[PDB]
Structure formats: structure tokens, C-alpha cells
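*Asks:* experimental coordinates for this protein are included below, preceded by the sequence.
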There are 2 protein chains.
Amino acid sequence: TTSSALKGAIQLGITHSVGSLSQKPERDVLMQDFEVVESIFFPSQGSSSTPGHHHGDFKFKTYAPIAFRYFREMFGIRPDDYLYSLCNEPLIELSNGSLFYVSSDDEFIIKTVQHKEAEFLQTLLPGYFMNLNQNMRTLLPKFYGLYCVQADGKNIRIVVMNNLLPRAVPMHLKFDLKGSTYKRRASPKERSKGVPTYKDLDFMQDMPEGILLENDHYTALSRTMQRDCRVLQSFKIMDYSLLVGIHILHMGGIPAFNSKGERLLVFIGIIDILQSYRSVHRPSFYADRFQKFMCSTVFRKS
Amino acid sequence: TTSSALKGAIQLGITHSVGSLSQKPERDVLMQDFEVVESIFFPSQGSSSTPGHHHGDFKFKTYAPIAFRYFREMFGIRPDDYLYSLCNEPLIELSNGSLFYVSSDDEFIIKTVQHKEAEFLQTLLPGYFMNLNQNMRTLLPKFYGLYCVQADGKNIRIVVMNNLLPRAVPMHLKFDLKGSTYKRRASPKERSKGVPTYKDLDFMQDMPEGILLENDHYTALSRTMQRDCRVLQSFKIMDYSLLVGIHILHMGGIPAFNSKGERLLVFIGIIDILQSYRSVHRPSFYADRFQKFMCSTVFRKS
Ligand SMILES: Nc1ncnc2c1ncn2[C@@H]1O[C@H](COP(=O)(O)OP(=O)(O)NP(=O)(O)O)[C@@H](O)[C@H]1O
Ligand SMILES: Nc1ncnc2c1ncn2[C@@H]1O[C@H](COP(=O)(O)OP(=O)(O)NP(=O)(O)O)[C@@H](O)[C@H]1O
Ligand SMILES: [Mn+2]
Ligand SMILES: [Mn+2]
Ligand SMILES: [Mn+2]
Ligand SMILES: [Mn+2]
């Protein structure tokens, strides 16, 4: 596998990409900043600029840098913290089209992306920025960066973002949910796992009484969802899932009560947000369903 | 004059336009919201919808409504306060291409606009929004609304915004400044006025020692300028002026000390921001000059 071959390009690349930035001084982000893409050549020899290596000659494309500085900033991600947990610490792979890696400290996920998807996102940024500065408590992904790598002719685009479910809290039940049902059962292979990543039906069978929620916690979530859904819909986006991580216990997550009655810290966040039909009311449709489901069935009041 | 003929269309129009909105419920603003433009027919009879009148049949175009709701909101402009001081209180005209009106309470200015200009601005919005949510203390105009009126075939576009120099503080000296000089003297006609609106040279002759500024006040202004200039520049914008209103005294404005030495509350804000070359470095040029001027010559430290 060209796996650890790539794992390198990333860590060498970012590190240079970000150290690069911390020279250039702070300045508000501008509509222009979004469309930019800065590339950097990595000779296996190494220039007096691009040095080190023994890995596999590649270019390292960095995307909309000033924006992702801004976003990190706004998501409170100190760069050395970023650079560190991300570049000086082996990226551990992951089974789940779409290859996921993880920070050695379970902080950060990396996805790859269909070039269609990167390009979409490039466009999304402004829309993101807006939401971000308005629903401070939105559920959408926290995109810390977008970058691409060149394996000879082959091109790999990737996005770095918040692992929603850090090891730090041991999650008991884990559902990926959609408000849909066809194939929405966790395949056999998946269920042979510790805490496995279930799905709509699994949740419907295994939990039909609900996730109970102290009135005012339900509310926030609900509106906050309905806001995200209104955004997402606006970009003709589909296939998004609410990833939920329930934790029975006997400080980052949401409080809840059980079918039985244990106190619960629950963790959630919408994902898989880059496939957009960029029919006319279809995305509108998939948003209301997601809503009515999560807000009526998955979570419920008192 | 079709003046008071127009003064009506505005006050009848907005009022309907805004009352209209306060039905539709709150929701975050979205990239789409900017491009929208809602029109409303005003028969001199009046529908059961558009009623009243005896003034002159017209349509009332409203621009990017949800954004200007959002902006007002963010500039802290309660609508009834808006609607009131603006619609239920005679708009007083003003001598100064470009017709200015004023709120009966000196809160709000109205300009007209070259359709080129409206169209530019329509595009600017996103860029505005960004700046706005980052330089909270920016100097750019506070655009409370954009609207247009139809006089038969004739079309009038207008923008409502913050009077920078309310009667509430009596301004002694008043300069419109640019960091340029050709014709930058206040014409004779102008000087025959109470406090008149001077200009670069007038300021250079009448005040050459400066406007003195307690270190940390100078700083903010300076960066805040340099931010605005970096925005403005990005939109290939030109002819903008820093409007200054100095007030000798013996709570909204800036503190300062004199050539002599009186305490001073100074009021400022960049204007005339809609003419953009939308040469290649020219706007960049006009920004640095504006900067170096206001920051070296017009204001200076200690
Ligand atoms: N931010 C995240 N935090 C934790 N786990 C994640 C995150 N993103 C993805 N995953 C895991 O990977 C699964 C989702 O992959 P997904 O993001 O839906 O990409 P995909 O490959 O397009 N799958 P599909 O829904 O068929 O399109 C989830 O069920 C999670 O368990
Ligand atoms: N927000 C404001 N507050 C107070 N006065 C204003 C404001 N905007 C404009 N004015 C007054 O009107 C003058 C500027 O008109 P301006 O906005 O420059 O439009 P213009 O008609 O394009 N003039 P020009 O600079 O030749 O293009 C200023 O010197 C002010 O005295
Ligand atoms: Mn998915
Ligand atoms: Mn997907
Ligand atoms: Mn001007
Ligand atoms: Mn002008």
C-alpha cells in the first residue's frame, strides 16, 4: 500500500503549509481568500525550502488557507496543538469509497474526498462562514482544513475535521442516522464489533421508547437542528447523517435520561455533507425528514 | 418637484415592506437572501394589501430583505424605532448627482444611487457581512436598507444608513477627507455656512499641527482603518472619504487633544463606497494613500 507513503506527505505537507502561514501576519478573511489554493513541490531530495523526505515525490495543495486559519481560530484550535497531534504522531488508519484516518489522540478525523466534493466545499465556504457566525452552536462539521496530494499522476484530496466521538468518553451505543430505512440496519460484519455503528432500524428496534430530554435541552438541539437543516437544504445537499454517541454512566456532551432511567451524556453531529445535487424540492424533502425523525423519534421531551 | 411625491413612496413603501417582514419569522441569513429583490405595487386607489395614497402610482422594490433585517439587528436598530423616525416624520431634504434626505431626528441619512452602484452593493453584501462579523468596530457605512421606487418609467434607487454627525452633538469643524488635493478646498458657496464641510487642504492650512490622540486610541483607529482599507481595496473601490466631525467642548465619539489643548470628542466614518472599478493596482494605491494620510497627518500620537 501507498498508505504510509501518503501518511507522510500529509504530515510533512501540512507542517510546512502551516508554518508557512504563521509567518504571514493576521488579517480578516475576505471573499477572495476562499477560492485560493496554494501548492508546494516536495522533491525527495528536498529544496532549501521543501527539505527532507525519502517517501515519494509529490506536490502538496493547500486550500483557502486564510479561511481555515480563521476557522481553526474560531473553533479554538491553536496551531502548534494542531500541527502536533496531527503531524508529529502516527496517523492511524480506519475501516469504514472514502478512506478515514485518525489522530493518534482521537481528536481529529481525516476523510478523503471525491474531487466533486472538494470543489463543492470550496464553494460552500462563504455559506459556512455565515452559518458559523450565527448558529454558534451548529452541528455541522468543523472543517479544520482542506488539502490535496499528488501521487505521480494520481490526486488525493482530503479534509481534516473534528472527531465527534473521542476515546476520552467511552461510548456505549453509537448510531449513524438519517430518517430513512432501506439498508438502514448495521450489516453483520459491523455488529461483530465492540460498540458498533448501528442505524435507523437498529435504533428503532433497540430503543423505541426514545432518548429523553429535559425540555430546554431538547429545544436548543431542535432549533439548532432546524437551522442546520435550513442551511443544508439551501445547498441542495443530501445523504447527511446525524451521528449519535450515547453514554450511560452510573463534560462536553448533552445530558439525558433513559428508557430505564440512567443519566446520559450524549454526543452528536451532522456528517457527510458534501454530496449536493448542486428534483427541485428533494433536498428540502430530505431535510424535513431528518428533522421530524431526530426531533420526534430519536429525541423526545420530558 | 416630484420631491414630496417621492418622499411619500418611501415612507408608505418601507412601512409596508417592513411590517410585511415582521410577519415572516426570524431565521439566519443565507447566501441566497442577498440576491433577492421583492417588489410591491401601489395603486393610488389602493388594494386590500397596498392601500391609501393620492400621490403617484409606483412600485416599491425592496432589496435583500432578510439581510437588512439582520444588519439592522446587528446595528441595534429596533424596527418600530426605524419605521417611526423614518416613516412617521417628514423627511427633510438636503443640498450636497446624488440627492440626500435626512430623518426628522438626524439619525438616518438617505442617499440615492446610480443603478451601477445598487447593483455593486447587491454584490458587496456577502463581503460586508464578513467584515461586519470580524471588525466589530469598522468605519464603513451602516447600511440599514436598499430600496427602489418607480415614477412612471423613471426609477429611483436609494440607500438608508447612519447619519454620522447627529445634531445631538454640535460639531464645530467638519472635514470630508481623501488623502488627495486637486479641488480639495471647500468651494466659496460651502464656506458661507455655519459649520461648513471643509476638505484636505482646508484641514492642512487650518490645522497643520494635527488631531492629537492618546496612544491607545490612535492604535485602534489605525488598525481599524487599515482593516477597512484592506476590505475596500479588495473590491476595487475608490473615491471614498473619511468624514470627520471634531467637537471642542470646554458620549459616542472619540477623545482627543488640540493644537492649543482642549478636550475633543471626534466623530468619523468612511463614506462613498459604491463606485468600484469592478488600472489593476489603482485601488490598492488609493487605499494606502488614504491610510498614510489619515494615520500620519490627520491623526497623530501623544
Ligand atoms: N466527525 C466524525 N466523528 C466520528 N465518526 C465519524 C465522523 N465522520 C465519519 N465518521 C464515521 O464514519 C461513518 C460515516 O462515513 P460517512 O461520513 O457517511 O462517509 P461515506 O463514506 O460517504 N458513507 P455514506 O453515508 O454511505 O455516503 C460514521 O458512521 C462514523 O462512524
Ligand atoms: N453618513 C454620513 N453622515 C454624515 N454626512 C454624510 C454622510 N454621507 C454623506 N454625507 C455628507 O455628504 C457629503 C458626501 O457626499 P458623498 O457621499 O461623497 O457622495 P457624492 O455625491 O458621490 N460626492 P463625491 O465625493 O464627489 O463622489 C459629505 O461631505 C457629508 O458631509
Ligand atoms: Mn454517510
Ligand atoms: Mn456520504
Ligand atoms: Mn465622496
Ligand atoms: Mn462619490
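*Replies:* Yes, it's here. Numbers count the residues shown, from 1 in each chain, chains lettered A, B, ... in the order given. Ligands and ions are numbered 1, 2, ... in the order given.

*Asks:* quick one: the helices in the stretch 51-200 of chain A?
*Replies:* A:65-74, A:79-87, A:115-132, A:188-191, A:200-206 (DSSP state H, counting those that start in this stretch).

*Asks:* so which of these comes closest to ligand 2?
*Replies:* Of all those, helix A:115-132 sits nearest to ligand 2, with 26.1 Å by CB to the nearest ligand atom. For every residue, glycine as well, the C-beta is placed using N, CA and C.

*Asks:* which residue sits closest to residue A:202, ignoring its sequence neighbours?
*Replies:* Closest residue to residue A:202 apart from its sequence neighbours, by CB to CB, 6 or more residues apart in numbering or on different chains: residue A:186 at 5.4 Å.

*Asks:* that neighbour reaches residue A:203, doesn't it?
*Replies:* No - using CB atoms under 8 Å, residue A:186 makes no contact with residue A:203, being 9.9 Å away.

*Asks:* among these two, which residue is more densely surrounded?
*Replies:* residue A:203 (23 against 20; other CB atoms under 10 Å in any protein chain shown).

*Asks:* would you mind measuring from that one to chain B?
*Replies:* For residue A:203, the distance to chain B (CB to the nearest CB, to the nearest Å) stands at 29 Å.

*Asks:* what's the answer for residue A:99, then?
*Replies:* For residue A:99, the distance to chain B - CB to the nearest CB - is 31 Å.

*Asks:* repeat for residue A:269
*Replies:* On the measure of CB to the nearest CB, residue A:269 and chain B end up 18 Å apart.

*Asks:* tell me the bridge partners for that residue.
*Replies:* Beta bridges link residue A:269 to residue A:243, judged by DSSP bridges.

*Asks:* pretty sure it is touching residue A:141, no?
*Replies:* Yes - using CB under 8 Å, residue A:269 is in contact with residue A:141, at 7.0 Å.

*Asks:* quick check: neighbours shared by these two?
*Replies:* Residues touching both residue A:269 and residue A:141 (CB atoms under 8 Å, 6 or more residues apart in numbering or on different chains): residue A:162.

*Asks:* from the chain's centre, how far out does stretch A:274-290 sit?
*Replies:* Distance, stretch centre to chain centre, for stretch A:274-290: 19 Å (CA atoms, centre = their mean, to the nearest Å).

*Asks:* an error on my part: the question was meant for stretch A:256-266.
*Replies:* Between the centre of stretch A:256-266 and the centre of its chain there are 26 Å (CA atoms, centre = their mean).

*Asks:* I figured residue A:102 was touching residue A:109, is that so?
*Replies:* Yes - Residue A:102 is within contact range of residue A:109, at 6.0 Å (criterion: CB under 8 Å).

*Asks:* comparing those two, which residue is more hemmed in?
*Replies:* Shown here are residue A:102 and residue A:109; by other CB under 10 Å, residue A:109 has more neighbours (20 against 17).

*Asks:* how about the more buried one, nearest residue that isn't a chain neighbour?
*Replies:* In space, and not counting its chain neighbours, residue A:109 is closest to residue A:163: 4.7 Å by CB to CB, 6+ apart.

*Asks:* in the stretch 201-302 of chain A, which spans are helices?
*Replies:* Using DSSP H, counting those that start in this stretch, helices in the stretch 201-302 of chain A cover A:216-234, A:282-292.

*Asks:* and the angle for the last one with helix A:216-234?
*Replies:* Same thing as helix A:282-292. With axes from the mean of the first three to the mean of the last three CA atoms, to 10 degrees defining the directions, helix A:282-292 sits at 170 degrees from helix A:216-234.

*Asks:* and the contacts of helix A:282-292?
*Replies:* Counting by CB under 8 Å, 6+ apart, A:178-180, A:225-226, A:229-230, A:232-233, A:235-240, A:242, A:276-277 sit against helix A:282-292.

*Asks:* rerun at 7 Å
*Replies:* Applying CB atoms under 7 Å, 6 or more residues apart in numbering or on different chains, the contact partners of helix A:282-292 are A:178, A:179, A:225, A:226, A:229, A:232, A:233, A:236, A:237, A:238, A:242, A:277.

*Asks:* just to revisit the earlier point, export the helices of the stretch 51-200 of chain A as a markdown table, with columns for distance to residue A:254.
*Replies:* Below are these laid out as a markdown table (distance: least, CB to CB, whole Å):
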| stretch | distance to residue A:254 |
| --- | --- |
| helix A:65-74 | 22 |
| helix A:79-87 | 25 |
| helix A:115-132 | 20 |
| helix A:188-191 | 25 |
| helix A:200-206 | 16 |
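
*Asks:* please parse chain A into its domains.
*Replies:* Following curated CATH domains, one finds the domains of chain A at A:1-163, A:164-302.

*Asks:* residue contacts, residue A:131?
*Replies:* A:138, A:140, A:231, B:28.

*Asks:* ok, now residue A:29?
*Replies:* A:66, A:67, A:70, B:130 are the contacts of residue A:29 under CB under 7 Å, 6+ apart.

*Asks:* quick check: closest non-adjacent residue to the third one.
*Replies:* Read it as residue A:70. With sequence-adjacent residues excluded and distances taken as CB to CB, 6+ apart, residue A:70 is closest to residue A:29, at 4.5 Å.

*Asks:* next one: residue A:94
*Replies:* If the residues on either side of it in the chain are set aside, residue A:94 comes closest to residue A:100, at 4.2 Å by CB to CB, 6+ apart.

*Asks:* from residue B:111, how far off is that neighbour?
*Replies:* 54 Å (CB to CB, to the nearest Å).

*Asks:* which one of these two is surrounded by more residues?
*Replies:* Higher neighbour count among residue A:100 and residue B:111: residue B:111, with 20 against 15, using other CB under 10 Å.

*Asks:* surely that one touches residue B:97?
*Replies:* No - assessed by CB atoms under 7 Å, residue B:111 is found out of contact with residue B:97, at 10.8 Å.

*Asks:* next, the buried residues of stretch A:254-268.
*Replies:* In terms of neighbour count (16 or more other CB atoms under 10 Å in any protein chain shown), stretch A:254-268 has its buried residues at A:254, A:256, A:264, A:265, A:266, A:267, A:268.
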